[PDB]
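*Asks:* Structure in structure tokens, see below.
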Amino acid sequence: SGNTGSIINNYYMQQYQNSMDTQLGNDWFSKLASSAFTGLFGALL
Amino acid sequence: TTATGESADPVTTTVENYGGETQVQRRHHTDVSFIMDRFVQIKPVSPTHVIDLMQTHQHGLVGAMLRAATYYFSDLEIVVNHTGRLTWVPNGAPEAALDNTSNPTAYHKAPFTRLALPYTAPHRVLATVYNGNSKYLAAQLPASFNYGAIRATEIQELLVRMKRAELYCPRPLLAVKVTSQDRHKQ
Amino acid sequence: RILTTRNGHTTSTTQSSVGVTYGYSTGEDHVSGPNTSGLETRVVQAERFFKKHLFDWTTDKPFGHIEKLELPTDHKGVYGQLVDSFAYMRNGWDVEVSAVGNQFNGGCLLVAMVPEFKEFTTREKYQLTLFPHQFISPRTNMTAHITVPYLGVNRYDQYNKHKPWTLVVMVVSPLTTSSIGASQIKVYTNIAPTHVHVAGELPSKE
Amino acid sequence: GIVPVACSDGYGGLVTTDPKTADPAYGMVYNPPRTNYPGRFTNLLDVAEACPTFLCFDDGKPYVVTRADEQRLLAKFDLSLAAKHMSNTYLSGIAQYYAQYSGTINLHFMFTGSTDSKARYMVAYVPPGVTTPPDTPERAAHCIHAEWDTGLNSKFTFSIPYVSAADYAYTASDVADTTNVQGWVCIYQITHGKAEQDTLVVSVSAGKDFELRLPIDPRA
Amino acid sequence: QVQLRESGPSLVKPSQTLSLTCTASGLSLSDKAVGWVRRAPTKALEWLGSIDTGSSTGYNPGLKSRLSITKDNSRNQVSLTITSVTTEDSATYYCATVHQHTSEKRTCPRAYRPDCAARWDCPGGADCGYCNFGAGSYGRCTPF
Amino acid sequence: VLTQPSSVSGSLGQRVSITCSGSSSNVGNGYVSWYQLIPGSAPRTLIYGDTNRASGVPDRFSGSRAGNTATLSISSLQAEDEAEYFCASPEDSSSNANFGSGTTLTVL
């Protein structure tokens with residue numbers, strides 16, 4: 001994940017370590033960087 | 001074995017020449033990743049002191065065994081006996097950002113702080129001898145030859161441990177000068 | 001035991017060879033690196049041999065009289081032009097040292113290529129054999145051939161700022177001259193740069 | 001008997017950037033949901049290379065206007081991310097916190113001029129250990145460089161390569177004379193068609209492979 | 001407003017030892033030293049060497065063989081001696097007030113400082129070492 | 001050699017200038033003073049040490065400096081200010097105090 005280098009099932013539950021996440025029913029600046037037109041516009045030579 | 005001699009091609013005569021036989025060799029203690037894994041104290045040390053090695057004594061077990069190789073790449077392990085917060089910066093960083101308390105900063109503990117900082121210089125493998133004209137004597141190894149700098153208030157002792165060391169291009173090791181007496185006699 | 005080494009369009013033939021001593025490798029390492037970004041172009045016209053004079057092997061010279069040559073040395077040839085026009089380049093040193101001897105004069109001369117050469121304290125001269133090296137003796141072989149792969153802290157090193165390989169010749173045994181033998185043994189070299197890659201084209205003066 | 005831990009004296013204190021986790025003192029809290037919230041960026045380079053920002057030039061302007069006389073050298077700067085021209089860009093803003101960078105740097109020039117005024121420019125990446133050239137020919141079919149003629153598409157992108165000895169290069173250049181660890185990058189106007197008081201806005205981005213490493217914290 | 005005077009012979013012959021002297025009296029010419037100058041006709045500025053309290057005379061090399069001075073403090077008078085005048089050497093002799101005192105040393109480079117090298121390389125003649133961690137112009141250290 | 005202009009002219013009451021132009025080796029580490037030189041007759045310092053003047057100076061002449069050159073300021077140009085004003089700035093190549101040689105100060 002983040003900086004965390006621990007290699008073990010952490011002691012405390014996720015519920016008590018971090019705050020849980022709700023959902024309703026992404027990463028736009030990577031979609032932008034991927035969608036970028038690389039290369040040329042005219043005929044090479 | 002009456003070899004060509006001049007060819008300097010490696011020749012290793014066994015003891016099987018005079019009817020004696022060659023025994024079993026267990027060469028662990030003369031390994032490279034093993035002989036450099038011990039702690040080599042750096043003296044004298046003070047605040048705003050770089051953790052770059054070669055400041056190890058030339059004659060120490062880890063100083064001479066290191067200067068016996070031109071190029072050496074290893075992961076440094078530090079042990080510092082400081083008196084305040086000990087800030088450490090990577091290989092290339094402004095000496096101004098030395099104590100911003102955002103760079104790894106080990107808070108003073110009762111015993112010396114022991115860190116395992118990585119090898120961060122941009123080069124492939126550092127060098128013990130550079131033989132290079134002054135960038136843009138020879139006393140000077142490039143500034144990027146360090147493992148980063150530490151600045152605690154009053155640093156009292158500094159030890160250094162080269163993990164996973166790799167030495168290249170061996171050099172002279174130069175055992176102690178003997179004068180008049182046959183053996184050194186210590 | 002003849003040996004016809006040939007670099008580029010120039011070849012050297014010796015009839016007293018004693019073999020070739022590759023130092024630290026049998027082949028050069030990958031010439032493609034992230035720093036170059038595939039902008040490095042190999043030059044095959046820089047492999048031509050060049051002859052450089054070395055200290056004369058007088059009888060008076062004592063053991064330990066090292067006469068190192070910095071590599072790369074000033075070059076007025078095609079290789080020299082590349083150093084001037086290219087910021088970064090890498091090559092194999094391939095130093096060849098031949099000292100003509102009458103063969104009736106007995107002496108021992110050790111030629112070794114020392115990477116990152118540092119002035120010796122005269123106690124490391126005995127331990128100077130731990131490098132790619134060959135021994136030049138009039139009794140056995142008058143020519144010593146050493147091939148060394150380019151090795152440096154960076155994949156490409158600017159030659160003007162720093163030189164990785166320096167050729168050093170040491171008088172292991174003082175030359176002894178018989179009446180029949182040569183009274184002085186000049187020493188010459190045949191260096192050739194091998195696997196010359198260049199990158200970073202520089203601006204011009206023309 | 002109980003377990004004999006035999007705790008080591010040497011380590012166990014607080015490193016600021018250590019990989020550990022704190023001890024949860026508050027019971028579970030379900031924060032409000034934010035699914036697909038617009039505008040999330042994960043890596044600072046996927047944002048830096050996504051949106052280029054301008055450079056600073058004479059009198060603090062983003063563009064480099066056409067020279068007033070024979071002078072063809074419009075503007076030049078060192079490649080170091082700590083250059084004066086790059087002091088206001090986001091790329092150098094995030095490269096401030098990192099120790100050393102590597103790989104490419106795309107420059108974006110977009111001619112902002114009338115339809116009646118054409119011009120033909122040239123950017124040339126000049127390599128370390130040399131003094132950057134006054135006339136455009138000194139750099140032609142020398143170094144790595146390009147040329148673009150303003151037409152219907154104004155923008156032109158030139159990917160300044162990463163040619164250096166070391167695999168990484170320090171971001172904050174500390175002297176080394178005029179030159180930084182990397183070389184210069186100069187922009188020439190080889191011929192302006194009635195292209196006076198007509199500008200060339202210069203931006204800068206991260207390369208397709210630009211990477212920073214070794215985070216650090218200097219007074220910025 | 002220290003009391004100065006320029007003095008000497010006015011109508012003299014060329015090719016002799018200029019023997020022109022002044023009286024400079026307040027402290028601004030007594031911790032500071034005496035000045036010797038003239039100006040040539042329809043030309044640019046001219047300067048002649050001068051002496052502080054240390055007895056250390058010095059002159060411009062242009063006429064070194066035919067320039068020589070001394071200093072006196074008691075009579076508030078100082079002496080000038082310039083041999084072998086030429087016709088081209090014509091100007092006003094009235095100024096003798098040389099307030100200027102020498103001092104010379106150059107500060108260190110953009111990243112370099114005095115003992116901020118107390119770290120990488122410590123022993124030697126070049127003391128002003130190197131500060132910011134990283135490759136520097138002279139990363140180890142330098143002399144002034 | 002130090003540098004200085006050779007021409008000055010003005011009217012009564014207005015502010016005319018005097019300047020002491022130099023360079024790195026002469027001005028940058030050398031103080032500038034200005035002095036009242038009549039045909040044949042005595043001088044007196046006006047501004048000295050850059051920051052001040054002595055008891056005994058009038059406030060009609062004043063000094064300013066900038067970078068590798070210096071300047072004077074002549075407030076209320078007077079018939080008393082009808083003398084050549086000279087100055088010096090130290091030379092470190094031969095250990096001296098290089099002078100700027102003063103002008104013919106004609107009052108209109």
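Ligands are numbered from 1 in the order shown, chains are lettered A, B, ... in the order of the structure tokens, and residues start at 1 in each chain.
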Mind checking which residues fall within 8 Å of segment 23-33 of chain F, counting only C-alpha atoms, ignoring those fewer than 4 positions away in the same chain, and posting them as a list in words?
*Replies:*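 My list of contacting residues is residues 99, 100, 101, 102 and 103 of chain E; 2, 45, 46, 47, 48, 49, 50, 67, 68, 69, 70, 86, 87, 88, 89, 90, 91, 92, 93, 97 and 98 of chain F.
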*Asks:* Store the residues picked out above, limited to N, CA, C and O atoms, as a tab-separated table (two decimals), in the first residue's frame.
*Replies:*
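Saved as result-v9.tsv:
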```
chain	number	residue	atom	x	y	z
E	99	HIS	N	43.71	58.73	0.32
E	99	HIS	CA	42.79	58.21	1.37
E	99	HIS	C	42.76	56.68	1.24
E	99	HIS	O	42.56	56.01	2.28
E	100	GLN	N	42.94	56.16	0.03
E	100	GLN	CA	42.87	54.70	-0.23
E	100	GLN	C	43.81	53.70	0.46
E	100	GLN	O	45.04	53.89	0.40
E	101	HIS	N	43.23	52.65	1.07
E	101	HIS	CA	44.01	51.60	1.79
E	101	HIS	C	43.71	50.23	1.17
E	101	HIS	O	42.53	49.92	0.95
E	102	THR	N	44.77	49.45	0.91
E	102	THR	CA	44.66	48.10	0.28
E	102	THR	C	44.08	47.05	1.24
E	102	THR	O	44.20	47.24	2.47
E	103	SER	N	43.47	46.01	0.67
E	103	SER	CA	42.85	44.85	1.36
E	103	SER	C	42.41	43.86	0.27
E	103	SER	O	41.74	44.31	-0.68
F	2	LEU	N	42.27	55.26	-12.61
F	2	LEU	CA	40.85	55.49	-12.40
F	2	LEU	C	40.30	56.40	-13.49
F	2	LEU	O	41.03	57.04	-14.24
F	45	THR	N	38.75	68.23	2.47
F	45	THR	CA	37.81	67.15	2.19
F	45	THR	C	36.38	67.59	2.49
F	45	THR	O	36.14	68.45	3.33
F	46	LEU	N	35.44	66.98	1.78
F	46	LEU	CA	34.03	67.28	1.99
F	46	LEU	C	33.28	66.08	2.54
F	46	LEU	O	32.73	66.15	3.64
F	47	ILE	N	33.29	64.95	1.83
F	47	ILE	CA	32.71	63.70	2.30
F	47	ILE	C	33.83	62.67	2.33
F	47	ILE	O	34.74	62.72	1.51
F	48	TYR	N	33.87	61.84	3.38
F	48	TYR	CA	34.99	60.87	3.51
F	48	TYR	C	34.56	59.67	4.35
F	48	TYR	O	33.98	59.85	5.43
F	49	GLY	N	34.91	58.46	3.88
F	49	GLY	CA	34.50	57.21	4.55
F	49	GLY	C	33.13	56.76	4.08
F	49	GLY	O	32.58	55.82	4.69
F	50	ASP	N	32.60	57.44	3.05
F	50	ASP	CA	31.29	57.23	2.36
F	50	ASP	C	30.11	57.71	3.22
F	50	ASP	O	29.37	58.60	2.74
F	67	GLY	N	27.76	50.49	-6.42
F	67	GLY	CA	28.48	49.39	-7.04
F	67	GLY	C	29.97	49.61	-7.21
F	67	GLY	O	30.69	49.81	-6.23
F	68	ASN	N	30.44	49.56	-8.46
F	68	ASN	CA	31.86	49.67	-8.77
F	68	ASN	C	32.25	51.08	-9.20
F	68	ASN	O	33.30	51.27	-9.83
F	69	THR	N	31.42	52.08	-8.89
F	69	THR	CA	31.71	53.48	-9.15
F	69	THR	C	31.08	54.34	-8.06
F	69	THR	O	30.20	53.90	-7.31
F	70	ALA	N	31.59	55.56	-7.94
F	70	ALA	CA	31.08	56.54	-6.99
F	70	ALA	C	30.66	57.87	-7.60
F	70	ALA	O	30.98	58.17	-8.76
F	86	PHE	N	38.76	66.28	-6.75
F	86	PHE	CA	39.54	65.07	-7.00
F	86	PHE	C	39.15	63.99	-6.01
F	86	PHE	O	38.61	64.28	-4.93
F	87	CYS	N	39.43	62.74	-6.36
F	87	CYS	CA	39.10	61.60	-5.50
F	87	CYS	C	40.04	60.44	-5.79
F	87	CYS	O	40.71	60.40	-6.82
F	88	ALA	N	40.08	59.50	-4.84
F	88	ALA	CA	40.83	58.27	-4.96
F	88	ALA	C	40.06	57.02	-4.53
F	88	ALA	O	39.11	57.10	-3.76
F	89	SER	N	40.48	55.87	-5.07
F	89	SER	CA	39.88	54.56	-4.82
F	89	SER	C	41.03	53.55	-4.88
F	89	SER	O	41.83	53.61	-5.82
F	90	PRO	N	41.12	52.63	-3.92
F	90	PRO	CA	42.37	51.90	-3.71
F	90	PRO	C	42.70	50.91	-4.81
F	90	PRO	O	41.85	50.18	-5.31
F	91	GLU	N	43.98	50.89	-5.17
F	91	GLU	CA	44.52	49.88	-6.06
F	91	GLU	C	45.21	48.81	-5.22
F	91	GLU	O	46.05	49.12	-4.37
F	92	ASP	N	44.84	47.56	-5.47
F	92	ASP	CA	45.42	46.43	-4.76
F	92	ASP	C	46.47	45.68	-5.57
F	92	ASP	O	47.12	44.77	-5.03
F	93	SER	N	46.65	46.02	-6.85
F	93	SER	CA	47.66	45.33	-7.65
F	93	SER	C	49.07	45.76	-7.26
F	93	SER	O	49.98	44.93	-7.22
F	97	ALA	N	46.33	53.63	-3.85
F	97	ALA	CA	45.00	54.24	-3.70
F	97	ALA	C	44.68	55.08	-4.93
F	97	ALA	O	44.89	56.30	-4.91
F	98	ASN	N	44.14	54.46	-5.97
F	98	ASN	CA	44.09	55.11	-7.28
F	98	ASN	C	43.09	56.27	-7.29
F	98	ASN	O	41.95	56.13	-6.86
```
*Asks:* If you count only C-alpha atoms, which residues fall within 9 Å of residue 163 of chain C, apart from same-chain ones fewer than 4 positions away, as a list in words?
*Replies:*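 Returned residues: residues 130, 131, 132 and 133 of chain B; 70, 71, 72, 73, 115, 116, 157, 158 and 159 of chain C.
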*Asks:* What lies within 12 Å of segment 56-64 of chain E using only C-alpha atoms, ignoring chain neighbours under 6 positions off, as a PyMOL selection string?
*Replies:* (chain E and resi 33-37+46-50+70-72+78-86+89+101-102) or (chain F and resi 1+91-99)
*Asks:* Taking only C-alpha atoms into account and nothing else, which residues of chain C lie no more than 6 Å away from chain B? Please answer as a tab-separated table (two decimals) with N, CA, C and O atoms, in the first residue's frame.
*Replies:*
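Saved result, result.tsv, follows:
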```tsv
chain	number	residue	atom	x	y	z
C	18	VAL	N	53.25	-14.76	-26.23
C	18	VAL	CA	53.16	-15.65	-25.09
C	18	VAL	C	51.69	-15.73	-24.68
C	18	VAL	O	51.35	-16.26	-23.61
C	116	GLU	N	41.86	3.04	-12.75
C	116	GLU	CA	41.87	4.10	-11.71
C	116	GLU	C	43.25	4.15	-11.04
C	116	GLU	O	43.30	4.10	-9.80
C	124	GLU	N	53.54	-1.23	-2.64
C	124	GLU	CA	52.44	-1.89	-3.40
C	124	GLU	C	52.99	-2.38	-4.74
C	124	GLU	O	52.23	-3.03	-5.48
C	127	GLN	N	52.91	-5.99	-4.82
C	127	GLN	CA	51.49	-6.43	-4.93
C	127	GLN	C	50.84	-5.85	-6.19
C	127	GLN	O	49.62	-5.98	-6.33
C	134	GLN	N	51.08	-8.84	-18.07
C	134	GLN	CA	51.96	-9.79	-18.80
C	134	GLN	C	53.41	-9.41	-18.50
C	134	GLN	O	53.65	-8.26	-18.11
C	135	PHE	N	54.35	-10.36	-18.65
C	135	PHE	CA	55.77	-10.06	-18.36
C	135	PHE	C	56.56	-10.00	-19.67
C	135	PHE	O	56.48	-10.96	-20.45
C	153	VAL	N	32.62	3.79	-13.09
C	153	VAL	CA	31.49	4.02	-12.16
C	153	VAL	C	30.22	4.25	-12.99
C	153	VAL	O	29.17	3.68	-12.63
C	154	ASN	N	30.33	5.00	-14.09
C	154	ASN	CA	29.19	5.29	-14.99
C	154	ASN	C	29.36	4.48	-16.28
C	154	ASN	O	30.51	4.13	-16.60
C	161	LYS	N	37.38	14.69	-18.46
C	161	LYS	CA	37.25	14.78	-16.98
C	161	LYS	C	37.96	13.62	-16.27
C	161	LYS	O	38.69	13.90	-15.30
C	162	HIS	N	37.78	12.39	-16.75
C	162	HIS	CA	38.39	11.22	-16.06
C	162	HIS	C	38.80	10.13	-17.06
C	162	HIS	O	38.08	9.95	-18.06
```
*Asks:* Counting only C-alpha atoms, figure out which residue out of D:16, D:157, D:164, D:178 gets nearest to chain B.
*Replies:*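 Checking each of D:16, D:157, D:164, D:178 against chain B, counting only C-alpha atoms, the winner is D:16.
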*Asks:* For residue 6 of chain E, please output as a PyMOL selection string all residues within 9 Å (counting only C-alpha atoms; exclusion window: fewer than 4 positions along the same chain).
*Replies:* (chain E and resi 20-24+93-96) or (chain F and resi 40-43)
*Asks:* What residues in chain C lie within 10 Å of chain D, counting only C-alpha atoms, written as a CSV table (one decimal) with N, CA, C and O atoms, in the first residue's frame?
*Replies:*
```csv
chain,number,residue,atom,x,y,z
C,33,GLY,N,22.3,1.5,-22.1
C,33,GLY,CA,21.9,1.9,-20.7
C,33,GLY,C,20.8,2.9,-20.7
C,33,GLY,O,20.5,3.5,-21.7
C,34,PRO,N,20.1,3.0,-19.5
C,34,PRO,CA,19.0,3.9,-19.4
C,34,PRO,C,19.4,5.4,-19.6
C,34,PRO,O,18.7,6.1,-20.2
C,35,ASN,N,20.6,5.7,-19.1
C,35,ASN,CA,21.1,7.1,-19.3
C,35,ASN,C,21.3,7.5,-20.7
C,35,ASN,O,20.9,8.7,-21.1
C,36,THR,N,21.8,6.6,-21.6
C,36,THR,CA,22.0,6.9,-23.0
C,36,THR,C,20.7,7.1,-23.7
C,36,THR,O,20.6,7.9,-24.7
C,37,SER,N,19.6,6.4,-23.3
C,37,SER,CA,18.3,6.4,-23.9
C,37,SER,C,18.4,5.9,-25.4
C,37,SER,O,17.7,6.5,-26.2
C,38,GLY,N,19.3,5.0,-25.7
C,38,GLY,CA,19.5,4.4,-27.1
C,38,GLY,C,20.0,5.5,-28.1
C,38,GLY,O,19.6,5.4,-29.2
C,39,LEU,N,20.7,6.4,-27.6
C,39,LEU,CA,21.3,7.5,-28.5
C,39,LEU,C,22.8,7.2,-28.7
C,39,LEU,O,23.4,8.1,-29.4
C,40,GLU,N,23.3,6.1,-28.2
C,40,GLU,CA,24.7,5.8,-28.4
C,40,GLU,C,24.9,5.1,-29.7
C,40,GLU,O,24.2,4.1,-30.0
C,85,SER,N,34.3,15.6,-30.5
C,85,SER,CA,32.9,15.8,-31.0
C,85,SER,C,31.9,15.1,-30.2
C,85,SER,O,30.7,15.3,-30.4
C,86,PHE,N,32.3,14.2,-29.3
C,86,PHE,CA,31.2,13.4,-28.5
C,86,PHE,C,31.5,13.5,-27.0
C,86,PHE,O,32.6,13.3,-26.5
C,87,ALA,N,30.4,14.0,-26.3
C,87,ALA,CA,30.5,14.2,-24.8
C,87,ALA,C,30.8,12.9,-24.1
C,87,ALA,O,31.7,12.9,-23.2
C,88,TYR,N,30.1,11.8,-24.4
C,88,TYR,CA,30.3,10.5,-23.6
C,88,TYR,C,30.6,9.3,-24.6
C,88,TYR,O,29.9,9.2,-25.6
C,89,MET,N,31.6,8.5,-24.2
C,89,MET,CA,32.0,7.3,-25.0
C,89,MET,C,32.7,6.3,-24.1
C,89,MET,O,33.1,6.7,-23.1
C,152,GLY,N,33.9,1.3,-15.5
C,152,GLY,CA,33.8,2.6,-14.9
C,152,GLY,C,32.6,2.7,-13.9
C,152,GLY,O,31.8,1.8,-14.0
C,153,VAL,N,32.6,3.8,-13.1
C,153,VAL,CA,31.5,4.0,-12.2
C,153,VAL,C,30.2,4.2,-13.0
C,153,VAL,O,29.2,3.7,-12.6
C,154,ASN,N,30.3,5.0,-14.1
C,154,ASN,CA,29.2,5.3,-15.0
C,154,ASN,C,29.4,4.5,-16.3
C,154,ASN,O,30.5,4.1,-16.6
C,155,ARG,N,28.3,4.2,-17.0
C,155,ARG,CA,28.3,3.4,-18.2
C,155,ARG,C,29.1,4.2,-19.2
C,155,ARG,O,30.0,3.5,-19.9
C,156,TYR,N,28.9,5.5,-19.3
C,156,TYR,CA,29.7,6.3,-20.3
C,156,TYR,C,30.4,7.4,-19.4
C,156,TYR,O,29.7,8.1,-18.7
C,157,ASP,N,31.7,7.5,-19.6
C,157,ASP,CA,32.5,8.5,-18.9
C,157,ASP,C,33.2,9.5,-19.8
C,157,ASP,O,33.8,9.1,-20.8
C,158,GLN,N,33.0,10.8,-19.5
C,158,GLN,CA,33.7,11.8,-20.4
C,158,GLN,C,35.2,11.6,-20.2
C,158,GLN,O,35.7,11.7,-19.1
C,160,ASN,N,37.8,13.6,-21.1
C,160,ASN,CA,38.6,14.8,-20.6
C,160,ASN,C,38.6,14.8,-19.1
C,160,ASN,O,39.6,15.0,-18.5
C,161,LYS,N,37.4,14.7,-18.5
C,161,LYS,CA,37.3,14.8,-17.0
C,161,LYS,C,38.0,13.6,-16.3
C,161,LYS,O,38.7,13.9,-15.3
C,199,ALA,N,28.0,8.9,-27.6
C,199,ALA,CA,26.7,9.5,-27.4
C,199,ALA,C,26.9,10.9,-27.1
C,199,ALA,O,28.0,11.4,-26.9
C,200,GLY,N,25.8,11.7,-27.3
C,200,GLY,CA,25.8,13.1,-26.9
C,200,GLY,C,26.5,14.1,-27.8
C,200,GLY,O,27.3,14.9,-27.3
C,201,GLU,N,26.3,14.0,-29.1
C,201,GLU,CA,26.9,14.9,-30.1
C,201,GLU,C,27.1,16.4,-29.7
C,201,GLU,O,26.1,17.1,-29.4
C,202,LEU,N,28.3,16.9,-29.7
C,202,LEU,CA,28.6,18.2,-29.3
C,202,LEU,C,28.6,19.3,-30.4
C,202,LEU,O,28.6,19.0,-31.6
C,203,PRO,N,28.4,20.6,-30.0
C,203,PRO,CA,28.5,21.6,-31.0
C,203,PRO,C,29.9,21.7,-31.7
C,203,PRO,O,30.8,21.0,-31.2
C,204,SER,N,30.0,22.5,-32.7
C,204,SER,CA,31.2,22.4,-33.6
C,204,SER,C,32.0,23.7,-33.6
C,204,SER,O,31.5,24.8,-33.2
C,205,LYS,N,33.2,23.6,-34.0
C,205,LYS,CA,34.1,24.7,-34.3
C,205,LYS,C,34.6,24.5,-35.7
C,205,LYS,O,35.7,23.9,-36.0
C,206,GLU,N,33.8,25.0,-36.7
C,206,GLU,CA,34.2,25.0,-38.1
C,206,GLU,C,33.5,26.1,-38.9
C,206,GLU,O,33.5,26.1,-40.1
```
*Asks:* Taking 3 positions as the minimum chain separation for residues in the same chain, which residues sit within 9 Å of residue 174 of chain C when counting only C-alpha atoms? Answer as number ranges by chain.
*Replies:* C: 57-63, 106-109, 171
*Asks:* With N, CA and C atoms retained, write the just-selected residues as an mmCIF file, in the first residue's frame.
*Replies:*
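That gives us out32.cif:
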```cif
data_model
loop_
_atom_site.group_PDB
_atom_site.id
_atom_site.type_symbol
_atom_site.label_atom_id
_atom_site.label_comp_id
_atom_site.auth_asym_id
_atom_site.auth_seq_id
_atom_site.Cartn_x
_atom_site.Cartn_y
_atom_site.Cartn_z
ATOM 1 N N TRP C 57 64.287 1.369 -21.697
ATOM 2 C CA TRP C 57 64.673 0.431 -20.612
ATOM 3 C C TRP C 57 66.195 0.406 -20.441
ATOM 4 N N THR C 58 66.765 1.456 -19.839
ATOM 5 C CA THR C 58 68.232 1.526 -19.601
ATOM 6 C C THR C 58 68.633 0.540 -18.497
ATOM 7 N N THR C 59 69.881 0.066 -18.533
ATOM 8 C CA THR C 59 70.413 -0.903 -17.536
ATOM 9 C C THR C 59 70.409 -0.272 -16.140
ATOM 10 N N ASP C 60 70.732 1.021 -16.064
ATOM 11 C CA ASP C 60 70.835 1.777 -14.785
ATOM 12 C C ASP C 60 69.496 1.812 -14.036
ATOM 13 N N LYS C 61 68.366 1.838 -14.749
ATOM 14 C CA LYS C 61 67.050 1.948 -14.062
ATOM 15 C C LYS C 61 66.890 0.813 -13.043
ATOM 16 N N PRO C 62 66.488 1.127 -11.790
ATOM 17 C CA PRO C 62 66.295 0.136 -10.730
ATOM 18 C C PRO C 62 64.887 -0.476 -10.748
ATOM 19 N N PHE C 63 64.690 -1.567 -10.004
ATOM 20 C CA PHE C 63 63.369 -2.244 -9.918
ATOM 21 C C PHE C 63 62.354 -1.265 -9.316
ATOM 22 N N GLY C 106 69.603 -10.313 -20.326
ATOM 23 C CA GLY C 106 68.507 -10.827 -19.485
ATOM 24 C C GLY C 106 67.979 -9.800 -18.502
ATOM 25 N N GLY C 107 66.674 -9.541 -18.571
ATOM 26 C CA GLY C 107 65.980 -8.608 -17.667
ATOM 27 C C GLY C 107 64.505 -8.954 -17.603
ATOM 28 N N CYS C 108 63.796 -8.497 -16.570
ATOM 29 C CA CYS C 108 62.341 -8.791 -16.502
ATOM 30 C C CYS C 108 61.575 -7.470 -16.409
ATOM 31 N N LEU C 109 60.631 -7.255 -17.324
ATOM 32 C CA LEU C 109 59.806 -6.020 -17.337
ATOM 33 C C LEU C 109 58.341 -6.442 -17.207
ATOM 34 N N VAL C 171 59.890 -2.224 -14.009
ATOM 35 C CA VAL C 171 61.142 -3.017 -14.176
ATOM 36 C C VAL C 171 61.250 -3.976 -12.988
#
```
*Asks:* Counting only C-alpha atoms, which residues in chain B sit no more than 8 Å from chain D? For each one, give the nearest pair of atoms and the distance in Å, sorted by chain then residue number, as a tab-separated table.
*Replies:*
```
residue	atom	partner	partner_atom	distance
B:79	CA	D:10	CA	7.9
B:89	CA	D:216	CA	6.9
B:90	CA	D:214	CA	6.4
B:91	CA	D:99	CA	7.4
B:92	CA	D:99	CA	5.4
B:93	CA	D:99	CA	5.3
B:94	CA	D:218	CA	6.8
B:96	CA	D:218	CA	6.2
B:97	CA	D:218	CA	3.5
B:98	CA	D:218	CA	7.3
B:100	CA	D:217	CA	6.0
B:101	CA	D:16	CA	7.7
B:102	CA	D:217	CA	5.6
B:103	CA	D:216	CA	5.7
B:104	CA	D:16	CA	5.2
B:105	CA	D:16	CA	5.2
B:106	CA	D:15	CA	4.2
B:107	CA	D:14	CA	5.4
B:108	CA	D:13	CA	7.5
B:109	CA	D:13	CA	5.8
B:111	CA	D:10	CA	6.0
B:112	CA	D:10	CA	6.1
B:113	CA	D:11	CA	5.9
B:114	CA	D:11	CA	5.2
B:115	CA	D:11	CA	7.6
B:120	CA	D:214	CA	7.7
B:122	CA	D:168	CA	4.9
B:123	CA	D:166	CA	5.1
B:124	CA	D:167	CA	7.4
B:135	CA	D:176	CA	7.5
B:136	CA	D:176	CA	5.8
```
*Asks:* Determine which residues of chain C DSSP labels as helix (DSSP H, G or I) from the backbone of this structure, then write them out as a PyMOL selection string.
*Replies:* chain C and resi 78-85+126-129
